[PDB]
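K.L.:
Provided below: model.pdb, containing PDB, C-alpha atoms.
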ATOM      1  CA  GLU A  13     -27.461 -59.885  42.368
ATOM      2  CA  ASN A  14     -25.536 -61.182  45.437
ATOM      3  CA  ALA A  15     -22.077 -60.119  44.084
ATOM      4  CA  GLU A  16     -23.241 -56.483  44.352
ATOM      5  CA  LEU A  17     -23.690 -56.912  48.101
ATOM      6  CA  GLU A  18     -20.978 -56.465  50.745
ATOM      7  CA  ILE A  19     -19.596 -57.678  54.049
ATOM      8  CA  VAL A  20     -16.161 -55.786  54.010
ATOM      9  CA  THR A  21     -17.909 -52.445  54.594
ATOM     10  CA  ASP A  22     -15.700 -51.320  57.587
ATOM     11  CA  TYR A  23     -19.131 -51.078  59.256
ATOM     12  CA  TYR A  24     -19.626 -54.660  60.614
ATOM     13  CA  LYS A  25     -19.481 -56.277  64.060
ATOM     14  CA  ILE A  26     -16.490 -54.241  65.204
ATOM     15  CA  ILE A  27     -18.425 -50.892  65.289
ATOM     16  CA  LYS A  28     -21.969 -52.338  65.255
ATOM     17  CA  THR A  29     -21.721 -54.118  68.665
ATOM     18  CA  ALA A  30     -20.534 -50.856  70.297
ATOM     19  CA  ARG A  31     -22.763 -48.193  68.718
ATOM     20  CA  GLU A  32     -25.610 -50.260  70.175
ATOM     21  CA  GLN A  33     -23.715 -50.259  73.563
ATOM     22  CA  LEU A  34     -24.088 -46.443  73.436
ATOM     23  CA  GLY A  35     -27.707 -46.672  72.313
ATOM     24  CA  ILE A  36     -27.332 -43.657  69.957
ATOM     25  CA  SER A  37     -29.832 -43.820  67.087
ATOM     26  CA  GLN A  38     -29.344 -44.338  63.295
ATOM     27  CA  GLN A  39     -30.421 -40.696  62.867
ATOM     28  CA  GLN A  40     -28.009 -39.615  65.629
ATOM     29  CA  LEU A  41     -25.055 -41.515  63.970
ATOM     30  CA  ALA A  42     -25.875 -39.997  60.636
ATOM     31  CA  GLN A  43     -25.345 -36.473  62.092
ATOM     32  CA  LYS A  44     -21.969 -37.631  63.563
ATOM     33  CA  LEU A  45     -21.047 -38.182  59.894
ATOM     34  CA  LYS A  46     -22.992 -35.585  57.963
ATOM     35  CA  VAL A  47     -25.244 -38.269  56.176
ATOM     36  CA  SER A  48     -28.785 -39.786  56.403
ATOM     37  CA  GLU A  49     -30.289 -42.555  58.548
ATOM     38  CA  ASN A  50     -31.161 -43.926  55.118
ATOM     39  CA  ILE A  51     -27.464 -44.301  54.075
ATOM     40  CA  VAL A  52     -26.470 -46.091  57.401
ATOM     41  CA  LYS A  53     -29.216 -48.685  56.896
ATOM     42  CA  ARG A  54     -27.793 -49.047  53.331
ATOM     43  CA  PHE A  55     -24.399 -50.058  54.795
ATOM     44  CA  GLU A  56     -25.949 -52.394  57.384
ATOM     45  CA  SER A  57     -27.805 -54.182  54.444
ATOM     46  CA  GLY A  58     -24.668 -54.557  52.223
ATOM     47  CA  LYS A  59     -26.018 -52.205  49.486
ATOM     48  CA  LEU A  60     -23.724 -49.239  49.995
ATOM     49  CA  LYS A  61     -20.360 -48.488  51.640
ATOM     50  CA  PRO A  62     -18.820 -45.392  53.434
ATOM     51  CA  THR A  63     -15.895 -43.508  51.760
ATOM     52  CA  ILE A  64     -12.265 -43.084  52.933
ATOM     53  CA  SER A  65     -12.593 -39.833  54.977
ATOM     54  CA  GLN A  66     -15.807 -41.483  56.350
ATOM     55  CA  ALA A  67     -13.982 -44.829  57.110
ATOM     56  CA  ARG A  68     -11.449 -42.377  58.710
ATOM     57  CA  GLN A  69     -14.206 -40.906  60.897
ATOM     58  CA  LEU A  70     -15.968 -44.206  61.777
ATOM     59  CA  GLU A  71     -12.681 -45.354  63.397
ATOM     60  CA  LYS A  72     -12.979 -42.116  65.447
ATOM     61  CA  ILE A  73     -16.806 -41.843  65.758
ATOM     62  CA  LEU A  74     -17.509 -43.630  69.144
ATOM     63  CA  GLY A  75     -14.034 -43.139  70.679
ATOM     64  CA  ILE A  76     -14.351 -46.961  70.768
ATOM     65  CA  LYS A  77     -15.290 -50.266  69.069
ATOM     66  CA  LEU A  78     -15.396 -54.005  69.634
ATOM     67  CA  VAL A  79     -17.688 -54.616  72.566
ATOM     68  CA  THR A  80     -20.943 -56.296  73.630
ATOM     69  CA  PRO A  81     -22.228 -56.183  77.223
ATOM     70  CA  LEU A  82     -20.153 -59.351  77.470
ATOM     71  CA  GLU A  83     -16.858 -58.657  75.618
ATOM     72  CA  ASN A  84     -14.130 -58.414  78.248
ATOM     73  CA  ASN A  85     -10.773 -58.312  76.465
ATOM     74  CA  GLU A  86     -10.684 -55.035  74.456
ATOM     75  CA  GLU A  87      -7.246 -53.532  74.947
ATOM     76  CA  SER A  88      -6.939 -50.574  72.495
ATOM     77  CA  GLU A  89      -6.311 -46.824  72.834
ATOM     78  CA  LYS A  90      -9.541 -44.771  73.029
ATOM     79  CA  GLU A  91      -9.599 -42.748  69.782
ATOM     80  CA  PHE A  92     -12.190 -40.031  69.157
ATOM     81  CA  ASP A  93     -12.659 -37.163  66.764
ATOM     82  CA  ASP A  94     -12.277 -33.722  68.266
ATOM     83  CA  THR A  95     -15.784 -32.598  67.152
ATOM     84  CA  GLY A  96     -16.687 -36.104  68.469
ATOM     85  CA  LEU A  97     -15.380 -35.267  72.021
ATOM     86  CA  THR A  98     -14.843 -31.601  72.564
ATOM     87  CA  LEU A  99     -17.598 -29.988  70.488
ATOM     88  CA  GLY A 100     -19.693 -32.906  71.765
ATOM     89  CA  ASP A 101     -19.225 -31.759  75.433
ATOM     90  CA  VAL A 102     -22.661 -30.008  75.575
ATOM     91  CA  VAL A 103     -25.493 -29.513  76.729
ATOM     92  CA  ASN A 104     -22.789 -28.463  79.147
ATOM     93  CA  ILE A 105     -24.698 -26.965  82.151
ATOM     94  CA  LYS A 106     -26.845 -30.094  82.552
ATOM     95  CA  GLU A 107     -25.852 -33.510  83.883
ATOM     96  CA  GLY A 108     -24.762 -36.326  81.498
ATOM     97  CA  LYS A 109     -25.102 -33.850  78.654
ATOM     98  CA  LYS A 110     -28.858 -34.073  77.761
ATOM     99  CA  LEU A 111     -28.791 -36.199  74.556
ATOM    100  CA  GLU A 112     -31.835 -37.179  72.386
ATOM    101  CA  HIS A 113     -31.956 -40.949  73.449
ATOM    102  CA  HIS A 114     -31.720 -40.146  77.230
TER
END
Translate the structure of the given file into structure tokens.

P.N.:
Amino acid sequence: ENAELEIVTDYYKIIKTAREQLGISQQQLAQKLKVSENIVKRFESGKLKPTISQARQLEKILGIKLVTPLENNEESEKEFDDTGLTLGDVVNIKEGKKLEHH
């Protein structure tokens, strides 16, 4: 049934373009949100949606949104979760912060 699918997920183009600009994996995103890789595919297929506190955290999850390698106009305040920034600021003693997709 195609009425039980979704495109108004709050998870479309706007975020999608940009999470990919950061290269961070499905499994890595899922930690940034306390969920599974398997749920995040479920949103990207229209089968499931995030909740309101989660929708609240997606806005905040990247500090950003919007952009492809090509998208030039993007004027909006950078807006990131504090655990997203400030508890993120590690591995601190190494360069660039030593992430899993690096």

K.L.:
Here is a test: counting all atoms listed in the file, which residue of A:101, A:66, A:76, A:16 is nearest to residue 28 of chain A?

P.N.:
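Closest to residue 28 of chain A, using all atoms listed in the file: A:76.
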
K.L.:
I'd like to know which of A:103, A:15, A:111, A:73 is closest to residue 45 of chain A, using all atoms listed in the file.

P.N.:
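Distance minimum relative to residue 45 of chain A lands on A:73.
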
K.L.:
Which one of A:54, A:114, A:59, A:44 sits closest to residue 96 of chain A if you count all atoms listed in the file?

P.N.:
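The answer is A:44, which sits nearest to residue 96 of chain A.
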
K.L.:
Considering all atoms listed in the file, state which residue in the set A:53, A:31, A:113, A:106 is at the smallest distance from residue 70 of chain A.

P.N.:
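Counting all atoms listed in the file, the residue closest to residue 70 of chain A is A:31.
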
K.L.:
Could you check how far atom CA of residue 27 of chain A sits from atom CA of residue 14 of chain A, in Å to one decimal?

P.N.:
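Computing the Euclidean distance for atom CA of residue 27 of chain A and atom CA of residue 14 of chain A yields 23.5 Å.
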
K.L.:
Using the chain letters and numbers from this file, what does the PyMOL selection byres ((chain A and resi 61) around 10) select? Give the answer as a PyMOL selection string.

P.N.:
chain A and resi 17-23+51-52+54-60+62-64+66-67

K.L.:
So which residues touch residue 30 of chain A within 10 Å, counting only C-alpha atoms, skipping near sequence neighbours fewer than 4 positions away, as a PDB file with C-alpha atoms, in the frame of the given file?

P.N.:
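Result file follows (around.pdb):
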ATOM      1  CA  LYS A  25     -19.481 -56.277  64.060  1.00  0.00           C
ATOM      2  CA  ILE A  26     -16.490 -54.241  65.204  1.00  0.00           C
ATOM      3  CA  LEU A  34     -24.088 -46.443  73.436  1.00  0.00           C
ATOM      4  CA  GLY A  35     -27.707 -46.672  72.313  1.00  0.00           C
ATOM      5  CA  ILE A  36     -27.332 -43.657  69.957  1.00  0.00           C
ATOM      6  CA  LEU A  74     -17.509 -43.630  69.144  1.00  0.00           C
ATOM      7  CA  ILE A  76     -14.351 -46.961  70.768  1.00  0.00           C
ATOM      8  CA  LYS A  77     -15.290 -50.266  69.069  1.00  0.00           C
ATOM      9  CA  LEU A  78     -15.396 -54.005  69.634  1.00  0.00           C
ATOM     10  CA  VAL A  79     -17.688 -54.616  72.566  1.00  0.00           C
ATOM     11  CA  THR A  80     -20.943 -56.296  73.630  1.00  0.00           C
ATOM     12  CA  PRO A  81     -22.228 -56.183  77.223  1.00  0.00           C
TER      13      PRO A  81
END

K.L.:
Could you rebuild segment 62-76 of chain A with N, CA, C and O atoms and give me the result as a PDB file, in the coordinates of the input?

P.N.:
ATOM      1  N   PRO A  62     -19.397 -46.691  53.136  1.00  0.00           N
ATOM      2  CA  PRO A  62     -18.820 -45.392  53.434  1.00  0.00           C
ATOM      3  C   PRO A  62     -17.640 -45.153  52.499  1.00  0.00           C
ATOM      4  O   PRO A  62     -17.114 -46.056  51.857  1.00  0.00           O
ATOM      5  N   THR A  63     -17.117 -43.920  52.437  1.00  0.00           N
ATOM      6  CA  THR A  63     -15.895 -43.508  51.760  1.00  0.00           C
ATOM      7  C   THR A  63     -14.728 -43.458  52.719  1.00  0.00           C
ATOM      8  O   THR A  63     -14.773 -43.943  53.843  1.00  0.00           O
ATOM      9  N   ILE A  64     -13.529 -43.105  52.220  1.00  0.00           N
ATOM     10  CA  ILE A  64     -12.265 -43.084  52.933  1.00  0.00           C
ATOM     11  C   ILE A  64     -12.189 -42.075  54.075  1.00  0.00           C
ATOM     12  O   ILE A  64     -11.950 -42.589  55.167  1.00  0.00           O
ATOM     13  N   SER A  65     -12.395 -40.770  53.904  1.00  0.00           N
ATOM     14  CA  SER A  65     -12.593 -39.833  54.977  1.00  0.00           C
ATOM     15  C   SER A  65     -13.689 -40.287  55.935  1.00  0.00           C
ATOM     16  O   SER A  65     -13.611 -39.991  57.128  1.00  0.00           O
ATOM     17  N   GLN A  66     -14.720 -41.040  55.517  1.00  0.00           N
ATOM     18  CA  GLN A  66     -15.807 -41.483  56.350  1.00  0.00           C
ATOM     19  C   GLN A  66     -15.344 -42.681  57.184  1.00  0.00           C
ATOM     20  O   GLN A  66     -15.359 -42.573  58.400  1.00  0.00           O
ATOM     21  N   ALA A  67     -14.792 -43.747  56.592  1.00  0.00           N
ATOM     22  CA  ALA A  67     -13.982 -44.829  57.110  1.00  0.00           C
ATOM     23  C   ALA A  67     -13.026 -44.164  58.089  1.00  0.00           C
ATOM     24  O   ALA A  67     -12.901 -44.645  59.206  1.00  0.00           O
ATOM     25  N   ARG A  68     -12.365 -43.030  57.798  1.00  0.00           N
ATOM     26  CA  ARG A  68     -11.449 -42.377  58.710  1.00  0.00           C
ATOM     27  C   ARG A  68     -12.140 -41.907  59.983  1.00  0.00           C
ATOM     28  O   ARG A  68     -11.635 -41.970  61.103  1.00  0.00           O
ATOM     29  N   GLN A  69     -13.352 -41.381  59.830  1.00  0.00           N
ATOM     30  CA  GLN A  69     -14.206 -40.906  60.897  1.00  0.00           C
ATOM     31  C   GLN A  69     -14.984 -41.941  61.692  1.00  0.00           C
ATOM     32  O   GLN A  69     -15.204 -41.693  62.875  1.00  0.00           O
ATOM     33  N   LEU A  70     -15.554 -42.989  61.090  1.00  0.00           N
ATOM     34  CA  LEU A  70     -15.968 -44.206  61.777  1.00  0.00           C
ATOM     35  C   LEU A  70     -14.939 -44.739  62.762  1.00  0.00           C
ATOM     36  O   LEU A  70     -15.395 -45.064  63.864  1.00  0.00           O
ATOM     37  N   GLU A  71     -13.646 -44.840  62.444  1.00  0.00           N
ATOM     38  CA  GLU A  71     -12.681 -45.354  63.397  1.00  0.00           C
ATOM     39  C   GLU A  71     -12.784 -44.498  64.654  1.00  0.00           C
ATOM     40  O   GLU A  71     -12.677 -45.097  65.736  1.00  0.00           O
ATOM     41  N   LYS A  72     -12.884 -43.187  64.479  1.00  0.00           N
ATOM     42  CA  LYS A  72     -12.979 -42.116  65.447  1.00  0.00           C
ATOM     43  C   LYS A  72     -14.347 -41.756  66.001  1.00  0.00           C
ATOM     44  O   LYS A  72     -14.533 -40.950  66.906  1.00  0.00           O
ATOM     45  N   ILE A  73     -15.462 -42.339  65.541  1.00  0.00           N
ATOM     46  CA  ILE A  73     -16.806 -41.843  65.758  1.00  0.00           C
ATOM     47  C   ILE A  73     -17.391 -42.063  67.139  1.00  0.00           C
ATOM     48  O   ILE A  73     -18.247 -41.337  67.647  1.00  0.00           O
ATOM     49  N   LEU A  74     -17.051 -43.141  67.863  1.00  0.00           N
ATOM     50  CA  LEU A  74     -17.509 -43.630  69.144  1.00  0.00           C
ATOM     51  C   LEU A  74     -16.507 -43.406  70.253  1.00  0.00           C
ATOM     52  O   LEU A  74     -16.724 -43.730  71.422  1.00  0.00           O
ATOM     53  N   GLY A  75     -15.287 -42.946  69.981  1.00  0.00           N
ATOM     54  CA  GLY A  75     -14.034 -43.139  70.679  1.00  0.00           C
ATOM     55  C   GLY A  75     -13.617 -44.605  70.743  1.00  0.00           C
ATOM     56  O   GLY A  75     -12.508 -44.876  71.203  1.00  0.00           O
ATOM     57  N   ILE A  76     -14.556 -45.542  70.575  1.00  0.00           N
ATOM     58  CA  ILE A  76     -14.351 -46.961  70.768  1.00  0.00           C
ATOM     59  C   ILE A  76     -14.830 -47.880  69.663  1.00  0.00           C
ATOM     60  O   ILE A  76     -15.069 -47.531  68.502  1.00  0.00           O
TER      61      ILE A  76
END
